[PDB]
Each structure stands twice: as structure tokens, then as C-alpha cells.
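One-based numbering, in listed order, for ligands and for the atoms of each. Order of the sequence lines sets the chain letters (A, B, ...), proteins ahead of strands, with each chain counted from 1. The analysis underlying the following values was restricted to heavy atoms, covering all of them including side chains, and did not include hydrogens, waters or symmetry mates.
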Amino acid sequence: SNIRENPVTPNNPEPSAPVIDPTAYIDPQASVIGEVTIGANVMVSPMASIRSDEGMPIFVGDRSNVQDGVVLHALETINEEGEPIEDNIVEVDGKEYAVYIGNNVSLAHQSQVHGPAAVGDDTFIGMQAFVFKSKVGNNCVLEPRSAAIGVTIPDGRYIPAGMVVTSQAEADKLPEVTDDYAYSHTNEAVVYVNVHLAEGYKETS
Amino acid sequence: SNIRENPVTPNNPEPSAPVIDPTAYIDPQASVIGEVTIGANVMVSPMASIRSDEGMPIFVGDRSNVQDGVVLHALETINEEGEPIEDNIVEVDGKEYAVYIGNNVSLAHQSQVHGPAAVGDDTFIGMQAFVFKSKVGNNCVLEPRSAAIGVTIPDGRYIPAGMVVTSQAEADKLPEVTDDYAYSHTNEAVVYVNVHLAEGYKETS
Amino acid sequence: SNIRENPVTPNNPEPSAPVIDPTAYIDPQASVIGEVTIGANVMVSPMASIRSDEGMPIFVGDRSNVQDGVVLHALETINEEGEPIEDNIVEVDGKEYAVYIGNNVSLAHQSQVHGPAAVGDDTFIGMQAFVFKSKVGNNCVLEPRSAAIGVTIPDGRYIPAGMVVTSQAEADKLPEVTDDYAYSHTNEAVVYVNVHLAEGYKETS
Ligand SMILES: [Zn+2]
Ligand SMILES: [Zn+2]
Ligand SMILES: [Zn+2]
């Protein structure tokens with residue numbers, strides 16, 4: 001099966017199985033392992049790997065999409081001695097996660113979000129982009145091949161294609177999404193299409 | 001099955017199944033979905049995802065290769081009201097495509113060509129490279145980790161490794177492939193080898 | 001089966017099957033083809049593709065890990081006339097390889113090491129990184145999205161995130177890993193965790 005529990009390890013005494021909303025579509029050629037929650041109307045495409053086997057949940061909110069070849073994984077959040085590694089945990093609305101992906105988020109083809117990380121609602125994570133040890137705000141756009149490592153990206157900003165942002169001073173001066181910006185409506189269009197694709201693929205299973 | 005029709009959606013009233021030349025080899029661990037035409041002697045490697053589920057064909061010409069982890073997909077080409085979205089369609093020799101990959105093209109490991117896009121004959125798209133909203137001419141080389149977004153790359157030019165080209169003014173001044181250039185013969189060698197690999201893999205199926 | 005022989009080709013008269021230590025874990029959704037040797041306690045994750053079908057071995061040393069979406073492949077090492085192509089072969093401790101990955105090496109998610117290439121022991125190859133026609137020394141760190149093409153990286157150096165190193169003069173001046181460097185202990189932690197994950201996954205098969 002391609003939806004599987006994580007294994008018993010010294011960091012993980014009890015296996016967990018994914019919790020997947022019945023309206024989500026998981027492609028048979030995707031892999032989803034371990035302590036993962038997938039929300040309503042989410043589409044998970046071929047060759048995506050969502051793997052939560054080092055402690056703490058990976059959460060994917062409602063109406064989000066995880067496109068072909070995307071990887072979600074996280075650094076260990078509990079060491080062998082049972083002690084939580086706080087640097088590797090993100091907090092969102094009072095709850096702790098290894099990776100938090102909000103609602104209406106698009107993780108486009110071949111991107112990767114590696115914990116600890118949080119991605120706020122209505123954000124587009126572009127093709128081949130990379131997010132690690134970062135909090136990306138709501139209504140952001142990471143253009144293709146951009147990256148955010150070790151930073152907080154404020155709400156409503158974009159990272160131009162190819163730019164690798166590693167310092168908070170850079171992140172603070174990113175440009176704002178405006179109506180005339182080329183990707184200002186991209187996420188809404190991609191979310192709308194993927195919610196409908198998920199329903200269509202569900203009707204073929 | 002890993003060769004599948006696309007689903008019924010408001011953008012797609014009729015499912016299409018891939019049209020695959022009998023001399024092509026599709027690895028069992030690749031995925032090919034929807035309105036896709038694959039030409040003669042094409043090799044499609046493990047973990048590639050070719051997904052045409054938003055309207056309009058993805059075409060892969062003869063003696064081309066789609067290597068491991070490559071993704072081909074396209075933006076919607078027909079909106080819900082049945083109206084063709086012309087910005088998201090490319091025209092090649094009088095016919096419309098979402099993605100057109102010409103003959104003798106190598107899409108090397110982990111690259112991605114996302115529609116609307118066209119790639120001309122005898123072009124090497126290097127490892128981890130990215131092409132989106134662009135027309136790449138014939139006899140071009142995209143070195144590893146290069147990208148072309150929103151531009152036309154003239155025939156016979158190369159993009160140096162890691163360079164992300166987003167403006168026509170940059171694309172117009174790219175260097176020319178010459179006989180002494182390090183990748184001048186790379187594509188021909190890779191095509192020759194892959195045509196023979198496709199035949200060898202076909203003999204094991 | 002996902003562990004397979006390579007095909008007969010003019011460059012390869014005799015098919016080879018992978019040699020895999022009994023303590024290694026190969027995920028059912030990984031692909032391993034051809035002349036590959038995998039050492040003890042190695043973990044190969046979903047969607048990785050290790051493909052040795054153009055001559056010469058791909059070797060992965062003990063306690064190394066090949067994470068999700070990683071690709072290992074190599075340029076042809078024997079031409080049709082049976083003549084070895086020496087430029088495409090690396091030598092390590094008196095033996096020839098297409099790709100050599102040493103012991104305790106982490107190939108992190110979505111990275112790629114393409115032959116000819118060698119990666120020395122205790123080196124971290126970061127997420128989405130790329131190594132081609134290069135020798136990476138021991139105790140190195142390639143940060144996420146870095147690349148080494150056509151160079152030798154001296155022992156104990158790191159490449160900052162996003163940097164693409166293509167000239168020996170650049171490689172010679174890379175910074176040194178020190179105890180205070182942010183990734184100085186990353187590989188040891190990742191190796192330790194993955195050796196335990198491999199054992200846990202083996203207990204579920
Ligand atoms: Zn990881
Ligand atoms: Zn797409
Ligand atoms: Zn290759």
C-alpha cells in the first residue's frame with residue numbers, strides 16, 4: 001500500500017497512520033507515510049512523497065494541493081531520551097507541528113517544504129522552490145526556483161524566481177504582491193482547478 | 001495502471017488516453033496521464049510524471065527522452081466556459097499544444113518543462129533545469145540548473161549552469177553553441193544512447 | 001519488481017543485478033536498476049531512482065542514505081567498440097566506478113549525483129543539491145541548492161546554499177567547516193537517525 005504507518009524507532013514508540021479526509025484524492029503513485037493529517041479536497045499528485053517518520057505531525061490544510069514530485073519531510077522533533085527538540089518544532093494557533101501547510105496552499109511541481117516549517121494560507125510555493133527552517137506568511141508567492149531558509153517571510157510578499165533568501169534582513173525587504181504583479185492571481189486559479197481535479201480523479205477510483 | 005486517462009472536469013468534457021508509439025518504452029514506475037502523444041523510440045524513465053489533465057495536448061517527438069523525475073504539466077488551456085485561454089497555448093507548425101517537445105530532445109534527470117512551452121529539436125534540457133512560459137529553439141543547451149521563464153531562446157544558444165533567464169533582453173544576448181563548447185555534442189550522445197536503451201528495456205518487458 | 005537488472009545494449013553485453021546488503025532497506029516505491037552495490041544499513045527512500053545502465057558500477061557505501069526523489073545515474077563509461085571512456089570513470093582506492101558514494105554519506109531529498117562523480121565519507125549532500133563531473137572530499141557539506149560541476153571540493157569545506165561552483169579556483173577558496181558552523185553536525189545526526197529508520201522499516205516488511 002502507498003498509504004502506510006511509520007515504523008517503531010527510539011524516537012517513535014507508537015506507529016501512526018495518516019488521517020486523510022474522505023474528500024481528498026491521493027494518487028496511487030504518491031507515497032504518504034506516518035503521522036500526517038490531510039484536509040478536505042486536497043489533491044496529492046504522482047511521485048509526491050509525504051513522510052512523517054521522525055516525530056510530530058505534518059499537516060496539510062483544506063483545499064491545498066501537493067503536486068508531482070513534491071517532498072514533505074522533517075528533522076527529528078523528539079530525541080532518543082524522549083526530550084522534545086524545540087528548535088525543530090513550529091507552533092501554529094497553539095498547536096505544535098513538524099511541518100504546517102495552511103489552507104488553499106499550492107505546493108507546485110518538484111518543490112519541497114522541509115520541517116521545521118510553516119506555510120500560511122493562500123500561498124503559492126512555486127515549481128522547484130524550497131522552504132526549510134522558515135515561516136512563510138499568508139498570501140505569499142515563492143516564484144519558481146526561489147528558496148527561503150532560516151527566515152520569516154512577511155504576509156503578502158513574493159520572492160523573485162531563483163532568489164535564495166537566507167537572512168532576515170533580506171526577507172524583511174522583499175517586494176509586495178500587488179494586483180498588477182504577474183503571479184498575483186496564480187494561486188487562486190491553481191487552487192480552483194485542483195479542487196476540481198481532485199473530485200474528477202476521485203470519480204475514476 | 002501507470003498509463004491512464006485524465007478525469008472529467010468542467011475544463012474537460014471527454015477523457016483522453018495517451019497515444020504511445022509501439023516503439024516507445026514507458027517504465028512501469030513512470031506515470032503518463034491524459035492527452036499525451038509520445039513518439040517513436042522515446043524512453044520514459046522511472047519516476048517521470050507526464051500529466052495532461054488541464055486541456056490541450058502534451059506532445060513528445062520522436063527519439064526524445066524523458067529522464068528520471070522529470071515533470072511535464074501545463075496551465076489550463078480552456079476555461080470553464082469553454083473559451084480557449086490563448087496565453088496558455090503554444091503554436092507549432094500550425095497546431096496548438098500545451099507543451100510541445102520536439103524530436104531528438106533530451107529532458108535530463110529532474111528537469112521540468114511546464115506549459116505553455118515549446119522545446120525545439122536537438123536541444124538538451126539539463127539536469128534540474130526548468131522551462132516555463134518559454135519557447136526554446138533548436139540546437140540549444142540548457143546547462144544543469146539553468147532556467148528560462150517567459151522568454152524565447154534563439155536557436156543554437158546555451159544557458160550557463162545556474163543562470164535563471166527571465167527577460168528577453170538577457171535571452172537575446174546568450175552565448176552561441178560552438179564546436180569547442182563543452183556541451184556541444186552532449187545531446188547527440190545522450191539521444192543515441194537512449195534510443196538504444198529504449199530498445200533494450202523493451203526486450204525485458 | 002522495483003529491483004531490476006539492466007538491459008542488454010551495445011555498451012552492455014551482460015545484464016547485472018543489484019548487490020544489496022541484507023541490512024539495507026529499499027522502499028517499495030524506490031527504483032534500483034543494474035550494476036549497483038548498496039552497503040550495510042543503507043536507507044533508500046520513496047521515489048529515489050538509482051539507475052546503472054550505461055556501464056560501470058554505482059557504489060553506495062555503508063550507513064549512507066538516499067532520500068526521497070534522489071537520482072543517481074552516470075554517463076556512458078564504455079563506448080560501442082568496447083573501449084572504456086576514461087573521462088567518465090572515477091578511481092577510488094584502486095577501483096573504477098561510474099559513481100562512488102562513500103560511507104556515512106547523506107544524499108538529501110531531491111538531490112542528484114550524476115557520474116562521473118565521487119563523494120567522500122561523512123559528507124552531507126543537501127536538499128536539491130547537484131554534483132556532476134566532480135569529486136567531493138570527506139567531511140564536506142553541500143548546503144541546500146548548492147552545486148559542484150567539474151571540480152574537486154577539498155576535504156572539510158562547505159558550499160553555501162544556492163552557490164553553483166564550476167571552476168577549480170572557486171572550489172579552492174570555499175570556506176571550512178568549523179564547530180560553530182550551522183551544518184557542522186547535521187550529517188552525523190542524519191546518519192544516526194537513518195540507520196535507525198532503516199532497521200525500523202525492515203521490521204515492517
Ligand atoms: Zn528530511
Ligand atoms: Zn502544473
Ligand atoms: Zn544520466
Side-chain angles (χ1 to χ4, degrees), chain A residues 43 45 49-54 58 65 67-77 88 98-99 106-117 124 126-127 132 144 186 189-190 193-194 197, chain B residues 43 45 49-54 58 65 67-76 88 98-99 106-117 124 126-127 132 144 186 189-190 193-194 197, chain C residues 43 45 49-54 58 65 67-77 88 98-99 106-117 124 126-127 132 144 186 189-190 193-194 197:
Chain A
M43 162 93 180
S45 293
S49 183
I50 301 174
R51 183 158 65 92
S52 187
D53 54 4
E54 309 198 8
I58 290 180
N65 53 85
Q67 294 176 23
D68 317 61
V70 167
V71 174
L72 301 178
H73 188 243
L75 295 176
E76 61 197 317
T77 56
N88 287 347
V99 173
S106 299
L107 300 183
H109 318 274
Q110 297 179 327
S111 66
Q112 171 175 169
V113 176
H114 197 285
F124 182 76
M127 294 90 176
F132 176 43
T186 299
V190 174
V193 166
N194 275 272
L197 279 173
Chain B
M43 162 93 180
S45 293
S49 183
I50 301 174
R51 183 158 65 92
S52 187
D53 54 4
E54 309 198 8
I58 290 180
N65 53 85
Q67 294 176 23
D68 317 61
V70 167
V71 174
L72 301 178
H73 188 243
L75 295 176
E76 61 197 317
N88 287 347
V99 173
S106 299
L107 300 183
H109 318 274
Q110 297 179 327
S111 66
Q112 171 175 169
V113 176
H114 197 285
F124 182 76
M127 294 90 176
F132 176 43
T186 299
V190 174
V193 166
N194 275 272
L197 279 173
Chain C
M43 162 93 180
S45 293
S49 183
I50 301 174
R51 183 158 65 92
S52 187
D53 54 4
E54 309 198 8
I58 290 180
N65 53 85
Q67 294 176 23
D68 317 61
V70 167
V71 174
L72 301 178
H73 188 243
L75 295 176
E76 61 197 317
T77 56
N88 287 347
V99 173
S106 299
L107 300 183
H109 318 274
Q110 297 179 327
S111 66
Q112 171 175 169
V113 176
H114 197 285
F124 182 76
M127 294 90 176
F132 176 43
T186 299
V190 174
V193 166
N194 275 272
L197 279 173

Separation between CD of C/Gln112 and CE of B/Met127, rounded to the nearest 0.5 Å: 6.0 Å
Considering all heavy atoms, the nearest A/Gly126-A/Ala108 contact: C-CB, 3.8 Å
Side-chain donor or acceptor of B/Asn65 paired with backbone N/O of B/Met43 under 3.5 Å: no
NE2 on B/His73 to CG on A/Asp68, rounded to 0.5 Å: 6.5 Å
Closest heavy-atom pair and its distance - A/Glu76, C/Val193: OE1-CG2, 3.5 Å
Polar protein atoms near the Zn ion (ligand 3) [N, O or S; cut-off under 2.8 Å]: B/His109 NE2, C/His73 ND1, C/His114 NE2
Between OG on residue C/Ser111 and CD on residue B/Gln110, distance to nearest 0.5 Å: 7.5 Å
